[PDB]
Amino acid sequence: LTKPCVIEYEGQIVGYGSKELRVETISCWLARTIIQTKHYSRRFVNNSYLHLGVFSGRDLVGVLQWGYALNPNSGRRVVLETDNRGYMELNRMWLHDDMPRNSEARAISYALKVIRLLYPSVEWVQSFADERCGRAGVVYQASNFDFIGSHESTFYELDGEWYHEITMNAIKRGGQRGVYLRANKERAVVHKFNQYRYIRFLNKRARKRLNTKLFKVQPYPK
């Protein structure tokens, strides 16, 4: 292990980390391609706007996608007075299986450095863990996220692909995927999962504005 730092390319800040592990911005098309092929959902979401590759040496070995929540306006429901660009949600994360089992926590912490530099209006980020990947909760705890509660969510599985109920009923998006989705809605298998919400405050003053009527910092569920 060596000391991470800011990574630049031709005067532009592009990432943060070490030679054996770092995060750098990648194109949107490339991040979507890897995620929809490798992630357990077999899908990307349109609300991602920060696309990061995980690199080890000269090899691309993972992808992190950050952006809006599935409903972009829901940020002010978690932390009071948060505008749609004042937060981020971890939409997707995948790392190659042959990577060391601490690589995910390092990449997440380095991604927060990128968020501080490239998106300084972001004051807190949130992520979700559920039973489809029990490792994510361990990763978020290792990355020093706080746990602020759980809730049940409805998912639709269609031909190996997984859709949140928000993504399912998002007619307002106008996507060629969503119209086909409600077309084959009767073939889809309905799933209800418990989701465990983690949060990481980048601006310590934003912790005071946590919506205590819905959320509360609690001991880790596992």
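All residue numbers refer to positions in the sequence shown, first residue = 1.
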Q.
Can you tell me whether 96-104 has a higher mean C-alpha B factor than 117-125 in this record, or the other way round?
A. 96-104
Q: Would you determine, from the values in the PDB entry, which of 161-169 and 52-60 has the greater average C-alpha temperature factor?
A: 161-169
Q | Highest-ranked of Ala206, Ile13, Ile199, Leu21 once sorted by CA temperature factor in the record | A | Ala206
Q. Say you rank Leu90, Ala136, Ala142, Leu80 by Cα B-factor from the PDB entry; which sits at the top?
A. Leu80
Q: Would you mind ranking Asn184 by its C-alpha B-factor against the rest of the chain and naming the third, lowest, middle or highest?
A: highest
Q | Chain third (lowest, middle, highest) by recorded CA B-factor, residue given as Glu152 | A | highest
Q: Can you work out whether the C-alpha temperature factor of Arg32 puts it in the lowest, middle or highest third of the chain?
A: lowest
Q. Sorting the chain's CA B-factors, does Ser109 end up in the lowest, middle or highest third?
A. lowest
Q) What third of the chain, by the recorded C-alpha B-factor, contains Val190? A) highest
